[PDB]
Amino acid sequence: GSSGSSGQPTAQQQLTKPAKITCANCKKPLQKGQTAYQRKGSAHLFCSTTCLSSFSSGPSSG
Ligand SMILES: [Zn+2]
């Protein structure tokens with residue numbers, strides 16, 4: 001005979017949704033109005049190209 005778990009224990013606490021917007025690279029408070037950069041099929045914004053590119057990590061389980 002034998003046994004198993006086959007369970008997925010999940011439980012975390014965090015803010016349902018953010019209040020303000022920040023760069024996904026430098027994490028800077030983008031003033032309301034300033035233009036933001038967004039990649040294709042992605043929900044991440046950036047302050048400027050310099051970051052948009054920097055963020056890109058590469059071939060890492062992605
Ligand atoms: Zn940035």
# chains A, B, ... in the order shown; residues from 1 in each chain; ligands from 1
call {"tool": "residues_near_ligand", "arguments": {"ligand": "ligand 1", "cutoff": "12 Å", "atoms": "only C-alpha atoms and all ligand atoms", "output": "list in words"}}
result
residues 21, 22, 23, 24, 25, 26, 27, 28, 29, 30, 35, 36, 37, 38, 44, 45, 46, 47, 48, 49, 50, 51, 52, 53, 54 and 55 of chain A
call {"tool": "select_by_dssp", "arguments": {"residues": "chain A", "states": "alpha helix (DSSP H)", "output": "list in words"}}
result
residues 49, 50, 51, 52, 53, 54 and 55 of chain A
call {"tool": "atom_distance", "arguments": {"atom1": "CA of residue 13 (chain A)", "atom2": "CA of residue 42 (chain A)"}}
result
23.8 Å
call {"tool": "select_by_dssp", "arguments": {"residues": "chain A", "states": "strand (DSSP E)", "output": "number ranges by chain"}}
result
A: 37-38, 45-46
call {"tool": "atom_distance", "arguments": {"atom1": "CA of residue 19 (chain A)", "atom2": "CA of residue 32 (chain A)"}}
result
11.9 Å
call {"tool": "atom_distance", "arguments": {"atom1": "CA of residue 58 (chain A)", "atom2": "CA of residue 41 (chain A)"}}
result
16.4 Å
